[PDB]
Amino acid sequence: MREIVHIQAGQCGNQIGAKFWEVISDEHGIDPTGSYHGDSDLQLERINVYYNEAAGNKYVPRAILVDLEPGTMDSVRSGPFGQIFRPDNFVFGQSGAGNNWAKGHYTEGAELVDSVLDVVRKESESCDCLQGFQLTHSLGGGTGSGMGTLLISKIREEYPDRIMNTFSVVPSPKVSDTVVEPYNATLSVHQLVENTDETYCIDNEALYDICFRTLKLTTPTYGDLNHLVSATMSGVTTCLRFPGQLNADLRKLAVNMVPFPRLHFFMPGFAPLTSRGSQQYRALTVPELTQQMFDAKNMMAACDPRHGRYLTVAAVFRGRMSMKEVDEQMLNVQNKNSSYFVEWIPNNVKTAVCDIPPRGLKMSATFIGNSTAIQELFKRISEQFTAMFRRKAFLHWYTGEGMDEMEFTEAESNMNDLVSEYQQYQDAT
Amino acid sequence: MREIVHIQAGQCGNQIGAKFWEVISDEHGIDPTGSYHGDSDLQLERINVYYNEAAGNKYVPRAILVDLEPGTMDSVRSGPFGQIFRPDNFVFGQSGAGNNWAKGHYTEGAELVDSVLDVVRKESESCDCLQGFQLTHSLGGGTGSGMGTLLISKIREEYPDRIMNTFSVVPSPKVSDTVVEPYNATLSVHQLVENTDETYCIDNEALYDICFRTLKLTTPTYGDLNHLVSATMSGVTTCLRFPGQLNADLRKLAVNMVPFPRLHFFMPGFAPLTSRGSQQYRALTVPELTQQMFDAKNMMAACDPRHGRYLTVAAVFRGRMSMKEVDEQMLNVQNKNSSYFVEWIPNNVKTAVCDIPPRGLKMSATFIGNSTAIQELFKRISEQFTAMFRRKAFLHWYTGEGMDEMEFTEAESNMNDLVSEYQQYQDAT
Amino acid sequence: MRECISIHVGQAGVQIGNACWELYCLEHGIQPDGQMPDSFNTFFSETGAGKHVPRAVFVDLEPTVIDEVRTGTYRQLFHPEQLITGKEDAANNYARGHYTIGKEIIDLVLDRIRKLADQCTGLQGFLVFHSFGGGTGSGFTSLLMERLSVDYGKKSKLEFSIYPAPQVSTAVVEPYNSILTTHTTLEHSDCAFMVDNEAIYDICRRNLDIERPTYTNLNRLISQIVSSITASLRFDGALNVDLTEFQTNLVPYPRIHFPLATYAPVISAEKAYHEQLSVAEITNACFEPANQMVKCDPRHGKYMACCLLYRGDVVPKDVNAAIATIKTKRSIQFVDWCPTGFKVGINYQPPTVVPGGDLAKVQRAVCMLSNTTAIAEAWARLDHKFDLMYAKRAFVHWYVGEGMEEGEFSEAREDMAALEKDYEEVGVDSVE
Amino acid sequence: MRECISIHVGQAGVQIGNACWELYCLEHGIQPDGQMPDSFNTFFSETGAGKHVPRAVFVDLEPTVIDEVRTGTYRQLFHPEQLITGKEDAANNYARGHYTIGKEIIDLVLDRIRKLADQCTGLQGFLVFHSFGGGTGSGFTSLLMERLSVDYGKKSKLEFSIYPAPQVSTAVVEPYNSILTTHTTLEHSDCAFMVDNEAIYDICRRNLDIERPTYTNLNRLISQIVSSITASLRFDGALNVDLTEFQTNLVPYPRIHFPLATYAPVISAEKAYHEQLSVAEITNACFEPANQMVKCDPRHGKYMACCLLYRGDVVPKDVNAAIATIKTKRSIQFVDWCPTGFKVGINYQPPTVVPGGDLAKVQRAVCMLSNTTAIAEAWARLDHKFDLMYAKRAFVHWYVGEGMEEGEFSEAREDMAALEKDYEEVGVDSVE
Ligand SMILES: Nc1nc2c(ncn2[C@@H]2O[C@H](COP(=O)(O)OP(=O)(O)OP(=O)(O)O)[C@@H](O)[C@H]2O)c(=O)[nH]1
Ligand SMILES: Nc1nc2c(ncn2[C@@H]2O[C@H](COP(=O)(O)OP(=O)(O)OP(=O)(O)O)[C@@H](O)[C@H]2O)c(=O)[nH]1
Ligand SMILES: Nc1nc2c(ncn2[C@@H]2O[C@H](COP(=O)(O)OP(=O)(O)O)[C@@H](O)[C@H]2O)c(=O)[nH]1
Ligand SMILES: Nc1nc2c(ncn2[C@@H]2O[C@H](COP(=O)(O)OP(=O)(O)O)[C@@H](O)[C@H]2O)c(=O)[nH]1
Ligand SMILES: [Mg+2]
Ligand SMILES: [Mg+2]
């Protein structure tokens with residue numbers, strides 16, 4: 001039970017998700033064909049959460065792939081693990097998003113959203129008891145920002161009691177990968193505060209540093225960045241798929257981590273992360289995995305946690321480990337960094353321990369941080385939004401698609417309402 | 001327990017330390033890989049003081065290697081026992097120190113000191129109960145003098161109750177290996193009197209005589225000089241690593257040898273030292289090891305002890321020996337050389353006896369002398385400093401790096417404050 | 001399935017397309033016969049047999065340049081109804097291109113566009129290759145962009161203009177044809193990529209070490225620009241960018257849609273060695289003012305939006321390592337309202353080398369499409385070339401005698417004076 | 001990763017670099033094609049293939065010496081954009097090197113320096129090989145050292161000047177070019193290593209037993225000096241010394257930065273035997289006044305700082321056995337403020353022999369870089385050569401007519417008179 005429908009929007013969400021289903025198939029022993037080839041029966045005990053069993057003992061992913069251009073769909077279906085998907089799920093347009101929120105949320109995306117929701121509703125009826133939906137997309141693109149946040153608004157109306165966690169790639173501080181990404185992110189964060197139960201802010205600048213500084217990859221491709229996200233994506237739901245000594249699910253990580261219904265913007269983290277040479281020069285213990293998470297250089301969002309306070313922290317562990325060694329370290333980071341945690345939430349760490357490690361590792365972790373440190377994430381975008389909007393630059397590509405200037409004023413006011421809330425509970429005593 | 005973090009600064013400290021970890025790995029039976037290959041369990045009983053046990057039953061040194069040029073780091077990692085270190089510890093700059101104290105303590109070293117302290121603090125948290133830190137460097141160089149004394153000032157602020165023993169190669173009387181070594185030594189001795197608990201003054205001129213006169217090495221390389229220092233370095237901490245009939249540690253040799261908190265400048269000594277031919281023509285007895293230490297020609301500092309008085313003397317012994325034969329000889333040198341010891345400290349010899357000898361030897365010693373004979377060590381440098389500073393020669397390479405002439409006047413006054421103190425307690429009755 | 005048809009107007013348009021469609025057949029393995037011994041679909045429609053034909057409309061009002069295509073090596077490649085000729089050229093006359101000769105076959109060209117657009121299931125937009133100097137490239141294009149904006153409207157219509165050089169001009173009435181074509185195509189084109197001849201004269205001399213470059217050599221470099229722009233449609237890339245995304249990221253205001261193309265590396269075989277050509281090395285090549293392909297000083301202006309279109313063995317981490325240095329540099333300054341001034345596209349395919357080409361086989365490249373304030377000095381020159389000639393009313397009787405009003409010149413000059421102050425309005429900083 | 005680019009100005013600079021870069025390819029096994037069948041990185045950047053190219057800028061205002069490089073054996077080694085030529089030489093005219101001809105390509109040379117410095121991640125400093133006699137080596141260098149001190153400033157800029165001999169001069173206006181280049185490079189260079197032709201004429205005759213030595217033979221010995229200075233970067237040594245350490249140990253005052261190079265052993269194959277060449281034997285060779293490479297009497301002055309750069313099979317104990325004897329000798333006297341007057345560097349690599357070379361394959365060597373008071377007599381000669389010529393105002397119309405003021409000569413002479421009294425101020429002893 002507790003099945004999850006995975007939705008992939010944008011070029012980015014399709015490239016993350018094609019690496020995500022590479023991890024899930026490896027954890028459950030699934031071949032490129034779709035047939036089970038593992039050894040343990042613990043892989044098939046909760047196989048149904050990410051898989052529909054087809055006839056002939058084949059498992060197909062419960063993934064819905066959405067794009068507005070057919071270029072990304074050809075990359076999936078011709079690449080490895082592309083034949084595993086149902087060809088009914090590949091719902092793609094022809095025009096492309098045009099790197100535009102309005103062409104993804106109003107013009108081309110609304111023509112395709114009924115082609116997706118009829119597949120969303122078809123997958124949701126085959127599920128026995130639906131857990132909730134996860135969406136992988138970006139905020140700087142057009143399909144991941146426009147078509148993606150359109151799907152959330154149309155699903156939360158149809159499924160208001162379910163969880164809607166998004167794995168949203170957030171625009172980076174240093175480089176801009178899109179000239180209109182302050183416009184695309186701000187119009188999406190307007191949609192994410194009203195329709196998602198939790199949201200996982202990922203920066204490309206942060207994953208560049210982790211591949212360079214921590215993993216010592218001088219030349220990391222996108223597929224090396226996607227392997228970092230996909231190990232985090234499976235790490236959030238690993239106690240839902242495998243037995244553990246203290247199980248969590250997507251609702252336990254929602255209840256424990258969201259003290260206020262707007263404040264659900266998380267920064268992820270993963271441990272251990274070692275190079276090829278520097279893996280034999282380090283012991284894999286729970287105090288090592290703890291101290292690797294709670295620093296700044298292991299955040300997959302490009303914002304220093306030391307400029308803020310953690311409201312709530314979820315550290316989901318994997319592998320055969322002892323609970324005292326876990327519970328000592330979660331206390332240990334709260335003592336010595338008591339200024340770095342919020343005061344009026346005592347004992348703000350959620351602990352989940354699975355029994356199954358990732359492939360080829362002895363034990364692992366997954367950090368889910370809900371800090372006030374992402375107020376600098378939205379102070380930067382709302383500054384980059386206001387600098388562009390005060391001259392009304394690039395506005396006629398969105399005004400020309402049925403939108404007014406009022407939509408931008410309300411979305412920028414909603415973000416400055418949100419930054420004021422993270423500023424409030426950082427200074428609240 | 002009682003772990004030691006070894007820090008290596010400068011070209012010199014890296015070349016001494018790479019020979020030092022060659023000795024410690026031989027005493028504990030450690031291969032080039034890092035895996036234990038000894039025979040006795042006494043080697044692993046206190047393995048943790050200089051080693052972190054990694055996964056797969058491998059021991060990595062707790063060594064932090066610091067330089068401002070990458071030339072020395074390539075010599076370590078490509079030489080023998082270079083693959084044993086953690087590659088995280090090799091913290092090196094690109095510019096090189098420029099044979100300059102100010103470029104090591106202010107300009108380039110301050111850019112790199114936070115890269116070292118974050119590794120120092122990382123090693124210090126993995127330690128169960130921290131004993132204290134040892135630093136190997138020089139006083140005539142730029143990294144060993146500037147970057148090295150910068151690390152001591154930043155650690156003693158963070159760890160004020162720990163011991164900070166330095167193994168500092170002091171400039172020689174006869175030759176000068178650096179034109180500005182009166183400037184580099186004097187600005188470092190200003191830092192060593194305020195931030196180290198004990199300091200081991202080593203001269204290159206003295207080790208040349210010991211290799212020539214005593215060991216009959218007509219052609220000693222640096223690696224033969226480093227083998228003399230490394231056997232002394234392991235000899236100070238050998239009762240901390242192995243059982244003994246009268247154990248000492250780095251605190252017992254600190255309390256017994258430092259009567260006044262400025263007067264902590266020691267001269268080391270080692271015995272036995274025999275040639276290849278002249279080793280079968282001599283019996284290894286405790287009266288022979290005693291009389292080999294307390295002369296002048298076995299001091300690793302180039303200053304005659306007969307021109308001063310020993311305040312306190314530590315003679316750490318190794319090997320299965322009898323305590324009466326030890327205690328008779330320590331009395332015997334105090335009777336016949338009663339003018340050579342200070343009067344108002346009765347019985348000024350500290351005795352430590354380990355049970356484990358060095359490799360291939362039956363028994364050994366290690367002399368730690370705190371004499372007034374190193375007032376001639378600082379009378380020479382402060383003379384060479386004042387001769388250069390009175391014409392302000394070579395000053396613009398240090399004034400141009402943010403320093404004034406007041407720093408030189410205070411450091412030269414601090415050294416003449418120190419020489420007056422060794423002159424005081426030599427004549428005090 | 002993301003089809004894109006291209007129009008080639010004038011002698012400059014066709015001779016560029018002779019290098020472009022030579023290049024596309026090499027990138028897709030297509031023979032000159034249309035044969036090959038599924039990614040071609042954006043520019044190639046396929047017949048029932050194994051013969052692929054291009055989605056190109058070559059139009060000229062004189063038959064000389066087309067009859068070299070009809071008898072060349074690529075005779076068998078092109079559909080012979082697409083190679084549209086007139087009888088007499090527009091002949092450096094905008095009025096003959098727009099009123100006299102252009103109206104005769106404008107219904108023939110639109111009929112051939114519509115037969116291509118019917119067999120396109122995913123038609124994204126148009127690629128109009130023309131020049132500002134010639135009468136056909138100025139007159140007939142401005143007639144054509146009016147008609148395509150009526151019939152299609154929402155399609156993204158990209159122009160690739162040969163902008164006239166300041167000191168190098170091959171015709172006398174180039175300041176007349178350029179102003180009259182820009183007044184017309186302003187409200188009808190969506191993004192027009194300026195390219196100059198004198199700057200590519202400089203690049204073929206300095207960077208390629210050619211003493212004597214031909215128009216054949218210049219059209220090879222402009223073909224590499226268009227092949228890098230349309231690289232994301234024709235090939236699978238790590239970070240793709242479509243034709244609708246260029247007009248979104250580069251056009252802040254509907255008047256200002258004139259970026260300038262810049263390609264790197266431009267090296268020969270003797271300099272194929274002797275440098276490693278990292279993605280940071282070729283990116284600092286683009287923002288260098290000597291390597292741009294429009295004779296303007298970008299140090300004398302501010303970049304409004306840049307578009308770096310990488311391709312080949314390009315690692316996305318070193319991309320960010322390259323671009324973040326450029327925002328620190330003072331010589332590359334942006335506009336106050338634009339903190340986010342980059343669009344990055346990475347493709348996996350290296351740019352291929354045409355045999356007989358003067359570029360070397362590189363592992364990576366970059367087509368910088370930078371919209372800048374520095375092109376206002378280019379229009380300030382061209383208005384000064386217009387205001388000298390029109391004050392004495394020179395050459396006006398050639399244009400009035402073919403269907404134009406004399407007051408229409410003052411209408412185009414007041415609009416261009418309104419266009420020149422738009423860069424001045426954008427280039428200043430914001431108050432408070 | 002400790003990269004170091006080198007600049008070669010004038011005919012003297014390039015012909016030294018023809019021997020230097022021949023020597024470096026032998027030390028690293030590099031073919032003349034740049035191939036080899038990880039220690040090269042300080043002077044060699046590597047391409048994508050196995051072809052290593054040098055970090056050298058060869059600049060001359062006449063194309064004759066460069067076209068011998070472009071057609072020589074090392075044609076394929078050098079990046080052809082680095083070999084920078086003019087059209088007309090500076091022609092023994094400082095004003096043509098600094099104002100007339102030098103300003104034309106100074107922006108071209110700095111553009112090629114910057115393309116090297118961008119691909120250097122650990123750029124330590126510069127090696128400017130020039131001469132004081134020629135117009136290019138005096139004029140263009142003094143133009144270049146101004147520009148590099150602006151653009152870089154903190155980089156250690158080492159010069160290797162061919163100082164003009166007292167009785168051997170090959171040009172007439174060498175006393176003019178030497179004073180005018182020294183007034184300019186004084187506040188811009190950090191350490192300039194003087195080398196003389198007449199002294200190496202003496203060494204090739206006496207020590208190498210060559211009756212008739214060429215400029216080819218002199219440039220082999222100056223190449224061994226620079227290869228011994230940069231031996232610690234390129235190779236792992238027992239006691240290493242970097243370019244920043246030379247300016248620290250040898251420059252007591254920012255005006256006085258003119259040491260003199262001295263290499264030993266300089267022997268042939270017939271004298272490769274018949275002596276064992278210990279490290280004490282070759283060290284007493286250096287302080288002997290006959291073996292220095294500047295025509296000065298070091299017995300007539302006081303050494304301020306010496307820098308013994310050993311290499312090869314050198315044992316550090318016998319180093320101290322060698323140097324401690326020299327402090328006892330009366331003929332080698334130091335200055336009163338300097339009791340510590342030695343910097344020692346030991347490398348493990350022996351100096352290699354170039355085939356066709358006149359030096360013998362030795363196991364060890366020494367490059368003594370001694371800063372002394374005895375070079376004040378060299379500037380006392382050169383001011384006396386300047387004061388004779390300028391009193392009659394000879395040759396001034398060649399310099400005024402190319403962009404220089406006549407008062408600028410008196411400005412350089414008063415500064416050199418201020419420089420001459422600096423050695424007198426340092427050479428005296430201290431009171432009390
Ligand atoms: N870049 C480039 N420009 C060209 C080429 N051929 C012609 N031109 C330019 O085209 C401009 C004139 O336009 P043309 O195409 O020759 O004339 P047209 O467009 O046919 O109009 P007509 O005058 O009626 O013939 C000149 O300024 C040339 O610089 C070419 O092969 N490459
Ligand atoms: N040591 C050495 N000196 C050289 C060599 N070639 C020329 N010189 C010296 O260079 C001095 C003159 O400088 P040049 O390099 O010939 O002239 P320049 O620097 O090119 O300046 P121009 O007069 O404009 O040509 C003469 O005094 C020569 O002694 C050489 O191969 N080795
Ligand atoms: N982490 C990561 N980010 C990606 C990847 N591919 C694209 N992106 C990001 O996605 C954004 C582009 O959005 P995209 O979905 O391609 O645009 P759209 O097609 O118009 O919706 C850029 O900001 C990229 O940084 C990837 O493989 N990994
Ligand atoms: N005993 C000993 N001393 C050394 C060794 N190597 C260098 N030294 C001394 O270290 C000093 C040089 O300092 P160094 O660290 O190399 O300079 P830096 O790199 O600028 O800090 C000289 O006085 C040498 O005598 C060695 O192997 N053994
Ligand atoms: Mg024509
Ligand atoms: Mg010359």
# chains A, B, ... in the order shown; residues from 1 in each chain; ligands from 1

call {"tool": "interface_residues", "arguments": {"of": "chain B", "to": "chain D", "cutoff": "6 Å", "atoms": "only C-alpha atoms", "output": "tab-separated table (two decimals) with C-alpha atoms, in the first residue's frame"}}
result
chain	number	residue	atom	x	y	z
B	94	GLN	CA	50.46	27.72	-4.48
B	98	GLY	CA	58.91	33.55	-0.21
B	99	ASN	CA	61.29	32.83	2.70
B	175	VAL	CA	76.63	28.78	8.41
B	176	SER	CA	73.54	30.72	7.50
B	177	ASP	CA	71.05	28.81	5.39
B	178	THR	CA	68.96	31.96	4.84
B	179	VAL	CA	69.96	35.61	4.58
B	221	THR	CA	72.03	13.44	3.69
B	387	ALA	CA	73.25	44.11	13.38
B	388	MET	CA	70.77	43.81	10.51
B	393	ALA	CA	68.29	46.01	5.82
B	394	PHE	CA	65.81	43.58	4.22

call {"tool": "residues_near_ligand", "arguments": {"ligand": "ligand 5", "cutoff": "7 Å", "atoms": "only C-alpha atoms and all ligand atoms", "output": "number ranges by chain"}}
result
C: 10-11, 60-62, 89, 91, 134, 136

call {"tool": "write_last_selection", "arguments": {"atoms": "N, CA and C atoms", "output": "compact mmCIF listing (two decimals), in the first residue's frame"}}
result
# COMPACT_ATOMS: atom_id res chain seq x y z
N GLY C 10 17.50 37.27 -51.50
CA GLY C 10 18.61 38.03 -52.02
C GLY C 10 19.79 37.13 -52.35
N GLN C 11 20.80 37.74 -52.96
CA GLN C 11 22.02 37.01 -53.28
C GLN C 11 22.77 36.63 -52.02
N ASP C 60 15.10 34.75 -55.10
CA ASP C 60 15.82 35.92 -55.57
C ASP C 60 15.05 36.50 -56.74
N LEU C 61 15.15 37.80 -56.93
CA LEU C 61 14.46 38.41 -58.06
C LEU C 61 15.27 38.35 -59.34
N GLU C 62 16.55 38.01 -59.27
CA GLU C 62 17.38 37.73 -60.43
C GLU C 62 17.72 36.24 -60.44
N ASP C 89 16.13 41.84 -61.16
CA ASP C 89 16.40 42.00 -59.74
C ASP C 89 15.72 43.27 -59.21
N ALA C 91 17.47 45.26 -57.52
CA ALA C 91 18.55 46.10 -58.02
C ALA C 91 18.87 47.27 -57.09
N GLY C 134 21.23 44.89 -50.16
CA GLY C 134 20.62 44.64 -51.45
C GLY C 134 19.16 45.00 -51.49
N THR C 136 16.77 43.18 -52.92
CA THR C 136 15.94 42.01 -52.66
C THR C 136 15.92 41.68 -51.18

call {"tool": "residues_around", "arguments": {"residues": "residue 169 (chain D)", "least_positions_apart": "4", "cutoff": "12 Å", "atoms": "only C-alpha atoms", "output": "list in words"}}
result
residues 132, 133, 134, 162, 163, 164, 165, 173, 174, 175, 196, 197, 198, 382 and 385 of chain D

call {"tool": "write_last_selection", "arguments": {"atoms": "N, CA, C and O atoms", "output": "JSON list (two decimals), in the first residue's frame"}}
result
[["chain", "number", "residue", "atom", "x", "y", "z"],
["D", 132, "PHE", "N", 70.97, 45.40, -22.44],
["D", 132, "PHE", "CA", 70.99, 46.84, -22.22],
["D", 132, "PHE", "C", 71.44, 47.61, -23.45],
["D", 132, "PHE", "O", 71.17, 48.81, -23.55],
["D", 133, "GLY", "N", 72.12, 46.95, -24.39],
["D", 133, "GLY", "CA", 72.69, 47.67, -25.51],
["D", 133, "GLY", "C", 71.71, 47.98, -26.62],
["D", 133, "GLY", "O", 71.67, 49.12, -27.10],
["D", 134, "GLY", "N", 70.92, 46.99, -27.04],
["D", 134, "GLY", "CA", 70.04, 47.18, -28.16],
["D", 134, "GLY", "C", 68.87, 48.09, -27.85],
["D", 134, "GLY", "O", 68.52, 48.32, -26.70],
["D", 162, "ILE", "N", 71.81, 41.47, -20.45],
["D", 162, "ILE", "CA", 73.17, 41.42, -20.97],
["D", 162, "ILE", "C", 73.80, 42.78, -20.71],
["D", 162, "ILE", "O", 73.57, 43.74, -21.45],
["D", 163, "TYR", "N", 74.55, 42.88, -19.62],
["D", 163, "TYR", "CA", 75.16, 44.14, -19.24],
["D", 163, "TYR", "C", 76.31, 44.47, -20.19],
["D", 163, "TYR", "O", 77.04, 43.56, -20.59],
["D", 164, "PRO", "N", 76.48, 45.73, -20.58],
["D", 164, "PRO", "CA", 77.56, 46.06, -21.52],
["D", 164, "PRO", "C", 78.93, 46.05, -20.86],
["D", 164, "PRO", "O", 79.11, 46.55, -19.75],
["D", 165, "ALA", "N", 79.89, 45.48, -21.57],
["D", 165, "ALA", "CA", 81.25, 45.31, -21.08],
["D", 165, "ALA", "C", 81.98, 46.64, -21.05],
["D", 165, "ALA", "O", 81.60, 47.58, -21.76],
["D", 173, "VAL", "N", 76.00, 53.69, -28.95],
["D", 173, "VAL", "CA", 75.11, 54.37, -28.01],
["D", 173, "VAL", "C", 74.64, 53.45, -26.89],
["D", 173, "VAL", "O", 73.61, 53.73, -26.26],
["D", 174, "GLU", "N", 75.35, 52.34, -26.66],
["D", 174, "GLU", "CA", 75.13, 51.52, -25.46],
["D", 174, "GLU", "C", 75.19, 52.27, -24.13],
["D", 174, "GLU", "O", 74.43, 51.90, -23.23],
["D", 175, "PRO", "N", 76.04, 53.29, -23.90],
["D", 175, "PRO", "CA", 75.89, 54.05, -22.65],
["D", 175, "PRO", "C", 74.61, 54.87, -22.57],
["D", 175, "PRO", "O", 74.20, 55.25, -21.47],
["D", 196, "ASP", "N", 77.55, 39.62, -18.50],
["D", 196, "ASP", "CA", 78.40, 40.38, -19.40],
["D", 196, "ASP", "C", 78.94, 39.47, -20.50],
["D", 196, "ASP", "O", 79.06, 38.26, -20.30],
["D", 197, "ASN", "N", 79.26, 40.06, -21.65],
["D", 197, "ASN", "CA", 79.77, 39.27, -22.77],
["D", 197, "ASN", "C", 81.26, 39.02, -22.66],
["D", 197, "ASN", "O", 81.74, 37.94, -23.01],
["D", 198, "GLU", "N", 82.01, 40.02, -22.20],
["D", 198, "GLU", "CA", 83.47, 39.93, -22.17],
["D", 198, "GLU", "C", 83.93, 38.89, -21.16],
["D", 198, "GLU", "O", 84.96, 38.23, -21.36],
["D", 382, "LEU", "N", 79.94, 53.39, -16.42],
["D", 382, "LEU", "CA", 78.89, 53.65, -17.39],
["D", 382, "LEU", "C", 78.38, 55.07, -17.27],
["D", 382, "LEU", "O", 77.93, 55.67, -18.25],
["D", 385, "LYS", "N", 81.04, 56.93, -19.10],
["D", 385, "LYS", "CA", 80.79, 56.85, -20.53],
["D", 385, "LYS", "C", 79.60, 57.71, -20.92],
["D", 385, "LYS", "O", 79.52, 58.19, -22.06]]

call {"tool": "residues_around", "arguments": {"residues": "residue 52 (chain D)", "least_positions_apart": "5", "cutoff": "12 Å", "atoms": "only C-alpha atoms", "output": "PyMOL selection string"}}
result
(chain C and resi 273-276) or (chain D and resi 24-25+28-47+76-79)

call {"tool": "closest_residue", "arguments": {"among": "C:177, C:333, C:100, C:283", "to": "chain D", "atoms": "only C-alpha atoms"}}
result
C:283

call {"tool": "residues_near_ligand", "arguments": {"ligand": "ligand 4", "cutoff": "7 Å", "atoms": "only C-alpha atoms and all ligand atoms", "output": "PyMOL selection string"}}
result
(chain B and resi 10-13+15-16+67-68+96-100+137-138+140-145+169+171+177-178+204+222-223+225-226) or (chain D and resi 238-240)

call {"tool": "interface_residues", "arguments": {"of": "chain A", "to": "chain B", "cutoff": "10 Å", "atoms": "only C-alpha atoms", "output": "count of residues only"}}
result
13

call {"tool": "residues_near_ligand", "arguments": {"ligand": "ligand 6", "cutoff": "12 Å", "atoms": "only C-alpha atoms and all ligand atoms", "output": "PyMOL selection string"}}
result
chain D and resi 8-15+58-66+85-94+96-97+130-140+171

call {"tool": "interface_residues", "arguments": {"of": "chain C", "to": "chain D", "cutoff": "10 Å", "atoms": "only C-alpha atoms", "output": "PyMOL selection string"}}
result
chain C and resi 206-207+270-278+280-281+284-285+363

call {"tool": "select_by_dssp", "arguments": {"residues": "region 148-246 of chain A", "states": "helix (DSSP H, G or I)", "output": "VMD selection string"}}
result
chain A and resid 148 to 156 181 to 195 204 to 214 222 to 236 238 to 241

call {"tool": "residues_around", "arguments": {"residues": "residue 350 (chain C)", "least_positions_apart": "2", "cutoff": "6 Å", "atoms": "only C-alpha atoms", "output": "ChimeraX atom specification"}}
result
/C:311-312,363-364

call {"tool": "residues_around", "arguments": {"residues": "region 238-253 of chain A", "least_positions_apart": "5", "cutoff": "8 Å", "atoms": "only C-alpha atoms", "output": "PyMOL selection string"}}
result
chain A and resi 42-43+45-47+49+131+163+314+318+350-356

call {"tool": "select_by_dssp", "arguments": {"residues": "region 109-314 of chain B", "states": "strand (DSSP E)", "output": "VMD selection string"}}
result
chain B and resid 130 to 138 163 to 170 198 to 200 202 to 203 244 to 246 265 to 271 310 to 314

call {"tool": "residues_around", "arguments": {"residues": "region 215-218 of chain C", "least_positions_apart": "3", "cutoff": "8 Å", "atoms": "only C-alpha atoms", "output": "list in words"}}
result
residues 15, 19, 197, 200, 201, 204, 221, 222, 357 and 358 of chain C

call {"tool": "write_last_selection", "arguments": {"atoms": "C-alpha atoms", "output": "compact mmCIF listing (two decimals), in the first residue's frame"}}
result
# COMPACT_ATOMS: atom_id res chain seq x y z
CA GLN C 15 24.99 32.23 -50.83
CA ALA C 19 27.10 26.98 -47.09
CA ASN C 197 31.15 41.71 -43.27
CA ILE C 200 34.44 38.66 -40.38
CA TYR C 201 37.04 40.10 -42.72
CA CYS C 204 39.42 35.49 -41.19
CA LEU C 221 31.41 31.15 -40.43
CA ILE C 222 27.82 32.36 -40.62
CA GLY C 357 36.90 24.57 -44.70
CA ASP C 358 39.19 26.98 -42.95

call {"tool": "atom_distance", "arguments": {"atom1": "CA of residue 345 (chain A)", "atom2": "CA of residue 329 (chain A)"}}
result
18.1 Å

call {"tool": "decode", "arguments": {"residues": "region 119-126 of chain B", "atoms": "C-alpha atoms", "output": "short mmCIF file (atom, residue, chain, number, x, y, z; two decimals), in the first residue's frame"}}
result
data_model
loop_
_atom_site.label_atom_id
_atom_site.label_comp_id
_atom_site.auth_asym_id
_atom_site.auth_seq_id
_atom_site.Cartn_x
_atom_site.Cartn_y
_atom_site.Cartn_z
CA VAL B 119 41.02 20.22 9.59
CA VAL B 120 42.57 20.73 13.04
CA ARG B 121 39.10 21.07 14.55
CA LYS B 122 37.91 18.06 12.56
CA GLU B 123 40.71 15.89 13.92
CA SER B 124 40.23 17.27 17.44
CA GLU B 125 36.58 16.22 17.52
CA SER B 126 37.37 12.65 16.46
#
